[PDB]
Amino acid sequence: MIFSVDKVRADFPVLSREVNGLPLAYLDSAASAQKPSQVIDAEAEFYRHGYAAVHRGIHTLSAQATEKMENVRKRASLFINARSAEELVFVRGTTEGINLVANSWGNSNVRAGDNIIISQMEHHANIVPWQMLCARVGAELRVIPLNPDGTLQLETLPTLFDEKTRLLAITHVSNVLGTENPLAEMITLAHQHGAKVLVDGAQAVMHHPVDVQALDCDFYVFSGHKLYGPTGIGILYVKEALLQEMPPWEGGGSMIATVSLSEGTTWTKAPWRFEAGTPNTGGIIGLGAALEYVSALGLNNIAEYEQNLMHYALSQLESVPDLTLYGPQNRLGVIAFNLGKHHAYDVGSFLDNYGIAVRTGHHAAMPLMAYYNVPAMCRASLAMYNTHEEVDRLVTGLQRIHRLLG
């Protein structure tokens, strides 16, 4: 296998940290990824040597900073195979991107009596903005239900889609179940009704290549900090024909063409129309470095190593008594589980005591928890820098916990 987990781990300084006296096993990348020194240092070097305002003054440092920013936009657009860099808007993250669509596109395209379709596995980020829109305009939020194995009940779609369905908002990969949804086919179906499709790609972009032209999605969102990048930065992709018709959301400097207190205000062109005020230039530089880092490893190399690691994990976990897994066998990135009747809060506390970082709780997916009739779950993320040894530590930990608490 062409991927070298030991060379990659050497790029991540936090991975040398110790917790409760033992070496850290960081199994919470789905909540946020650790960052390589290449990403950390690119941001710091920008601040140390080339920092200035962008899209404003035209002196040397400002000119060069603005070019660096727009170069990141180009690099990002190539990463997802968008047709044009101008189809990408810099946002704080997946959550802000979804909210931008819900307001700018939703407010002018969804009216009383209409319906929107989400799924029962959606993260709150891809639920709440649509509930807010549905309440603003008097529309109905319809829900694709789950099967026990964590896949979508695709047979229900004929009854959910009708001529008043304006949008399907759907996750690419579940943050709990690891399910990858059949986006291409669902998007074909939605387009046959005249619906647009927003894809929540927050848990997809780090696991394999993503091609928004091949998908034909109308909107796609993801967050930098889960793609081994800095916080406070993400990407919203919107098909150019939709984007150029969308009205601004936030108002302020840089997104205007002209401002008058007697004759009103006119807007600049997309995507800058959607970027009011000073951007997170530092985070944009760091995001560019993160894309370069991931592209240098090769997403198909990453996918190969992670799928191998996940198969090993699922195999070893069979030797844990009374373990319940949630989701399908072909899961990406995350393993969701409970141990016997012990509360997830407790299982995660013990694991933390062993130096093992997992997330416990509802994982911002309360409807998903409700479907499985549990209050909470434990979750282990298995990212490209995690190791078989870390997997063994988790398995052994769960065995100890079962024995001690049985």
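Start at 1 and count along the sequence shown; that's the residue number.
Taking the mean C-alpha B-factor of each stretch as recorded, 295-303 and 279-287 are not equal, and the higher mean is that of 295-303.
Looking only at 92, 172, 124, 83, the residue with the top Cα B factor in the deposited structure is 83. By the numbers in the PDB entry, the CA B factor is greatest at 163 among 163, 96, 218, 200.
Placement of the Cα temperature factor of residue 312 within the chain: highest third of the modelled residues, per the deposited record. Sort the modelled residues of the chain by CA B factor and residue 337 lands in the middle third. Annotation for residue 111: C-alpha temperature factor in the highest third relative to the rest of the modelled chain, per the entry. When the modelled residues of the chain are ordered by their C-alpha B factor, residue 129 lands in the lowest third. Per-chain ranking of the deposited C-alpha B factor places residue 264 in the highest third.
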